[PDB]
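>>> sequence below, structure please.
(2 chains)
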Amino acid sequence: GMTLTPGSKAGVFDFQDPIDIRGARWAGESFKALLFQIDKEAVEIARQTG
Amino acid sequence: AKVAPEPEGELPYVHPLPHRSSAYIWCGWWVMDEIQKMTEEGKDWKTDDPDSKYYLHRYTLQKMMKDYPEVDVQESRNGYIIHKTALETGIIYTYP
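Numbering: from 1, shown residues only, chains lettered A, B, ... in the order given. The coordinates are given below.
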């Protein structure tokens, strides 16, 4: 839904997928992209539960 | 199926690497972006558009790929060394 990046896999977050890691490179960028993804998940939780 | 027209001389240097029958040239981000854009509308980058802004570098890349079967070309956006097979399609990593 809202958390999904338009071109992602819709349910999983794979570090090997360029659209999922916001065009990251090596290790720091991809893991920070994961951090941003979990931030988006928390925000979606806040929207859902209220 | 055609050969690229020769734009005079002054070709950028290609470093021969007999270690793996390879070579190395530093193109940058503009050449790779141009090649990726060319191989997105159905065009060709090896020989088409012989009057491009950076066609000389593309002709040098074509000559390098013909002479060396496992070329190692390094861009500048990520400095990745894309091989001849990866450069054949014209799509490097991402983006439309």
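
>>> so how many other residues sit close to residue B:39?
17 (other C-beta atoms under 10 Å in any protein chain shown). Where C-beta positions appear, they are placed from N, C-alpha and C, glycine not excepted.

>>> which residues does it contact?
Contact analysis of residue B:39 by C-beta atoms under 8 Å, 6 or more residues apart in numbering or on different chains lists B:45, B:89-91.

>>> the residue nearest to the spatial centre of chain B sits in which helix or strand?
The centre of chain B sits closest to residue B:61, judged by C-alpha atoms, centre = their mean, with a distance of 3.6 Å. When secondary structure is defined by DSSP states H and E, residue B:61 falls within helix B:55-67.

>>> which element follows that helix toward the C-terminus?
Sequence order places strand B:72-74 as the next helix or strand after helix B:55-67, per DSSP H and E.

>>> other residues contacting that next one?
Contacts of strand B:72-74 (C-beta under 8 Å, 6+ apart): B:17, B:22-27, B:61, B:64, B:80-83, B:87.

>>> next step: those restricted to helices.
Using DSSP state H, the members of those that fall in helices are B:61, B:64, B:87.

>>> how close does residue B:10 sit to chain A?
According to C-beta to the nearest C-beta, to the nearest Å, residue B:10 and chain A sit 33 Å apart.

>>> measure the residue nearest to that residue when sequence neighbours are not counted to chain A for me?
Spatially, and ignoring its direct neighbours in sequence, residue B:10 is nearest to residue B:56 (7.6 Å; C-beta to C-beta, 6 or more residues apart in numbering or on different chains). Using C-beta to the nearest C-beta, residue B:56 is found at 29 Å from chain A.

>>> also residue B:40?
16 Å.

>>> and for residue B:77?
Distance, residue B:77 to chain A, using C-beta to the nearest C-beta: 9 Å.

>>> please report phi then psi for that residue.
Main-chain torsions, residue B:77, degrees, to the nearest 10: phi -60, psi -40.

>>> with that, I have no additional questions.
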